[PDB]
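The chain below stands alone and is given in structure tokens; this is the form deposited in one PDB entry.
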């Protein structure tokens, strides 16, 4: 709950339907908020400038060991599995540097024609007369197929791969979500050992070959962790980019008709969807190495911090009229992909998938409409994520 003039629900009740008035309430009246979450307390930065500068704040680290007393941490491993997103320099830098050599913005762009055939394929298999769940049938699909094309997952293994991927996004997130984790992990290892014998154009083959101006390469353990990471960070988030962006246009006809007339605005549109309804609403947990101070509030060392990306993006100090959806905007400096050394590695691929999935969906089905009321929509009860479990839509006649 909120503590200001008017008390909004936080991470319960109405929050999950629409967290934005609660974010507006926090930015205004309680910008650095200690939340009594079930697991442990966590501080929430909602103001733009706070979040923006917290990302590049050295006193904020990804090492969870900062919560344990100084002597007790000289014993514990830093991370369970070597994913760079869990690491600080110089350990993160070494992995980021290597991945970046092969996972280039160029490869990200060269998938564009391939992505289109996935969307068009999926669109071609959707009935003129709905109702159809646009999430499970379309938005759930594009990000996982694209990731296969990037990694080079054999066409045979792709049904099995997407099957396990759905568990992570929308399923029984308890023990059943972790069952698919070990299955996807195992498959990718065996895949890497197959890629060693038979190489290809794909990124997994590319990553195996990457040395540097020191002869440093990715170890087996690091390779498969990276493969697993690209999947987790690149699936659910991009799904919800699609989910949220489609929903944004459906609820704003004025803007849907702007895009209809000028389909080149899609690139500008996807930018403002990431702002207007940030799919990753909360940044992965950070830790205080020492007393930081934001908007008057001093977070003591050893505390868990959370950066309100969704909140910081609708901040009026940064963005004029921050609650109005304008796809023609010239936005610059949103915190939806993050900031600093942890900036979204697949930022450009995400944008591509976004523009293709959304742009082609509307061009192919100009009569698209929600097949249920706005309030009937169920949103996932996830802390980090802002997105739908189901989105019933009526497709309409295909345009030829």
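Only the largest set of C-alpha atoms that superpose within 1.5 Å between the two forms is called the rigid core. Residue numbers count along the first chain shown, from 1.
Just so it is clear, the following notes concern the form deposited in another entry, a form of the same protein that is not shown.
Novice: For the list 169, 223, 306, 229, which one shows a CA move of 2 Å or more between this form and the one not shown after the core is fit?
Specialist: Result of the superposition: 169 is the only one at 2 Å or more.
Novice: Following rigid core alignment, is the displacement of the residue 260 C-alpha between this form and the one not shown equal to or greater than 2 angstroms?
Specialist: Stays below the 2 Å threshold, so no.
Novice: With a threshold of 2 Å on the C-alpha, tell me if residue 132 counts as moved between this form and the one not shown once the core is superposed.
Specialist: The answer is no; the displacement is under 2 Å.
Novice: Using a rigid core alignment, state whether the CA of residue 328 is displaced by 2 Å or more between this form and the one not shown.
Specialist: No, the C-alpha position differs by under 2 Å between this form and the one not shown.
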